[PDB]
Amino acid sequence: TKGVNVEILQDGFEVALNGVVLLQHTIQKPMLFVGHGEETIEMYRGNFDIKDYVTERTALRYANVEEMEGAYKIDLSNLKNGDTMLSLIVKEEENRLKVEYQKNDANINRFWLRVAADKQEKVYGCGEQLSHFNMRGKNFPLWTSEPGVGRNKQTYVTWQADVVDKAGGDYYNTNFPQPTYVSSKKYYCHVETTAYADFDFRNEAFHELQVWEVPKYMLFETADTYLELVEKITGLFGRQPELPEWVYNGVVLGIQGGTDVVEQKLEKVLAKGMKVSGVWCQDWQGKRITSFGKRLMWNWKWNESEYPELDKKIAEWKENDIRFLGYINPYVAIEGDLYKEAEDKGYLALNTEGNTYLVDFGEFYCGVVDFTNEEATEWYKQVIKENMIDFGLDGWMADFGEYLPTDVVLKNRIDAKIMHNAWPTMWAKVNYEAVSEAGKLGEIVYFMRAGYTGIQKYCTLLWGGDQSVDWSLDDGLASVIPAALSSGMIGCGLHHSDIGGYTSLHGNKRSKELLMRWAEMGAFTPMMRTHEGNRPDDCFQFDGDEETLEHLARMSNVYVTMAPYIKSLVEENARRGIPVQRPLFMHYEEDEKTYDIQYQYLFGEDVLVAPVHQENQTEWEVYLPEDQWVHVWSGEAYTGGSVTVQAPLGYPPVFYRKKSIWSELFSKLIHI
């Protein structure tokens, strides 16, 4: 009943952990398949066209099981007797089910495991998912990439993104895939691989996990509660630090265009009472105009012409309690000194001809710093220590990580088809080690959009990457909510988004209303930060008018008022890996409706948030689970059920539990 039971039946066998039956094999219903495929992968500016051609897929119907020193060895073939094509070790290790896999045949480069399932089972995770929190009913390729603009082939924006740039994407695309899912049966499954995989949840009777290698091993672990499960899952993958205290001082203002403009906007905003934690100037190292809009010069050193006197102003701003954040990514532009330095030292990834591999990022080309080369890794970390940390940055956006082409040649001589998905975590580790080795862990925060297994430790803060500046479900304001939920279930519990979104293309322009609604949601997350977007002049900004400025100021005061509670949530995330933004089922397991909600979240245990994610709304339907709730703005009391509440601009549908030990604090929001 406890631990790993392998029951041998006449048909075949069953593997169970703590009585939860996970793996079921019979001759008639086999659980494992192996085969061969020849894939075509075309990259274009971070977008991947991936087609497989499967030449063989073989059902391993016949199993021989041997009981051994606590462990089981199972040999599998296509025919009764038959040569062994796959060999399993099934064991309990550190209280988990562990299944190790060993193949004989070098031709085998395709693997499929079926895990038993029910009609009603729901599945969550697979990294940051932007369209579907509950993944049941679809299949999810797991390949880090540009997530897509629009992400739904039915919309005009997606269509145009495909037509013009091959960039529309689809429901499964993400910067942060992960071969790890959580089941409503209260276990998680992890496949240890960095190869392409595709988790297929279309079949009622089983989930099928495809991998483009035979994975070294899988881990399963069960739990009694979702709270316990996520604690165990962060036990495996790791836990994020507490955010620096200064984050709680208010909004990180996204401002570009030089020192003078930053100073003037900081003063204008402070005067209107906005609470500011810091200013984030992504163009500190230099701007770069393309047809896409205002981008950046990818050379990670202060640009004295564009940002005069930044060295002095940073310290000046610090003495007024205003921190400074910059920008870096793992690539270096050909025009810059860092590219030149790297090339001379041999720190860049190579092509088959033995020269620098140059990647198209969109009207400019850059080298890839080869993080498989430990010397190059140390070099890039010194670049961070010297040009960012010592220069007095309190943080930065650590962008990208998803653009490794499958035809690069790396120092470690491992195939790029296997290194591609590993890159985000390697990129994270670089940031983590630079910060840690400088003794700034807990004081400097960087934020990343890309990920893979293990950023649970190495990434100090996620953001949702580039959303469209619109109200679409698949790439607008709403898409952030499943993004936070999904990422929390697999152990990344600190999440935020660009206030206003980023991507202005194909006729999408950011409206005033959208910016305000986005600030409303942002105040009920770990960090409020704004972004000018790709085309600042085409998007409404926070200083676009007095009403907007005052709206953001008000929401900044909401966040700061809640700071003590949010801190407690961030400390719980650090201690037990319980995410800041939680799915409703995590606290209402017995409520069937909560397993399919993805546009509401619990902000800690005691607050329910249901952001207005549609245009031109004055009221909003909310589902409340059975508890005693208080609408934060009105003080009106509600028990469980669907309710409509008024939600004018500035008054997001947010509720707190009357039983909260924080009720005194939440009551202060009536008067703001």
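Residue numbers here begin at 1 and follow the sequence given.
Mean C-alpha temperature factor, higher of 372-380 and 292-300: The stretch with the larger mean CA B-factor is 372-380.
Would you mind comparing 631-639 and 608-616 for me and telling me which has the higher average C-alpha temperature factor in the entry? Higher mean C-alpha B-factor: 631-639.
If you check the C-alpha B-factor for each of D198, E146, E353, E228 in the entry, which is highest? Spelled out: the listed residue with the top C-alpha B-factor is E353.
Please pick out which of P564, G507, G82, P330 has the largest Cα B-factor as recorded in the entry. Of the candidates given, the C-alpha B-factor peaks at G82.
Is the Cα B-factor recorded for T644 in the lowest, middle or highest third of its chain? As the PDB entry reports it, the C-alpha B-factor of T644 lands in the middle third of its chain.
Select lowest, middle or highest to describe the third in which the CA B-factor of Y72 falls within its chain in this entry. Its C-alpha B-factor belongs to the highest third of this chain's values.
Using the temperature factors of the C-alpha atoms in this entry, rank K411 within its chain: lowest, middle or highest third. Highest third, going by the recorded CA B-factors of the chain.
Can you tell me whether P625 has a C-alpha B-factor in the lowest, middle or highest third compared with the other modelled residues of the same chain? Within its chain, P625 is a highest-third residue by C-alpha B-factor, going by the deposited values.
Would you mind ranking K287 by its C-alpha B-factor against the rest of the chain and naming the third, lowest, middle or highest? According to the entry, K287 has a C-alpha B-factor in the chain's highest third.
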